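In the block that follows, a single chain appears as structure tokens, in the form deposited in one PDB entry.
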């Protein structure tokens, strides 16, 4: 048999994975699927339809429940191929708890590994690492370290990049990149590009359209996106559509109400003809808040009578994948903006902290520098707050 294992706490690997599962259900009807997701929830209803067995996560990562169930499923069969699907930044947290106890089992084969970028996280890390002396050499030497670590013959694990981009050396592995081209534009990462070779791939955004109506309905049901509704709302007025992406409480420790008020002021500046925040022309107002915004989201909506809400618990990345991105998007910088077309990104804002205290320091943060390099925003479109 073949067992498919899915592990993710975030949004993007899960969505890409859900696409794959709906496809695979039809190509491999006899396959069994174990899924540990957090941001996306498969009910017993749709689980029965995709041959999914759900297990909880321990925090963000693989749980003993999933492990014990994979062991149980293994010792039964005469022979087992296992396919892993997970989040790239958390790969080292998720796969070894499963691979170690299974390693000496003559009957079990790890036959494929698919890794998907969380979001900005991977790119911030590559940025900080890209100027590290003898980096590819170092990786090459950490291969044995990962191999021995997985085999349980040594207590030492590779630190850093070696526990992340060495998987394709031991296993048939695809690294699915949010932005594969970053390896090409950043010349400091050309040698990593050579190191990964064909194992590095680019995430597609248009798979959803190639599913049947019935498969799209299921996809949308599982992720909880009333797509037809939003399509209707976009057209309630003929003016172009603007989504302001909200955040939850940041540095300072104020009453959550204070943080809603400030975002309301950003929205107010964003409409104003006279602000450097001005979007460009008249737009219809939409809002997708943080899933934990709670009373932040309520106040933001209570401030704009004609504004229309997009359900906060949705993974915002769903939009881009189902062609439901609006004309323009703006808000406080977050991982979301790594999956949005540059001319759909109007501007991003940065806050205050004891770490980032002026605009200059915000412009040199890894996060901004990467977005600049990838072409997502220009510096004038990066803005700083109090």
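Residue numbers count along the first chain shown, from 1. Between two forms, the rigid core is defined as the largest C-alpha subset superposing within 1.5 Å.
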{"query": "Segment of higher mean CA temperature factor, 114-122 or 231-239", "finding": "231-239"}
{"query": "63-71 versus 343-351 - greater average Cα B-factor per the deposited record", "finding": "343-351"}
{"query": "Criterion, highest CA B-factor; candidates, 85, 175, 219, 277", "finding": "277"}
{"query": "Selection by C-alpha B-factor (highest) of 263, 163, 245, 202", "finding": "263"}
{"query": "For residue 327, the third of its chain into which the C-alpha B factor falls", "finding": "middle"}
{"query": "Entry-reported Cα temperature factor of residue 33, expressed as the chain third it lands in", "finding": "lowest"}
{"query": "Residue 40 by Cα B-factor - lowest, middle or highest third of the modelled chain", "finding": "lowest"}
{"query": "Entry-reported Cα temperature factor of residue 50, expressed as the chain third it lands in", "finding": "middle"}
{"query": "Residue 9 - which third its CA temperature factor falls in, relative to the rest of the chain", "finding": "lowest"}
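What follows is about the form deposited in another entry, which we do not show.
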query	finding
Rigid core superposition between the shown form and the other one: residue from 257, 184, 131, 140 with Cα shift of 2 Å or more	257
Displaced residue check between the shown form and the other one: residue 225, CA, 2 Å or over, core reference	no
Threshold 2 Å Cα movement between the shown form and the other one for residue 274, core superposed	yes
After fitting the core, residue 91 CA displacement of 2 Å or more between the shown form and the other one	no
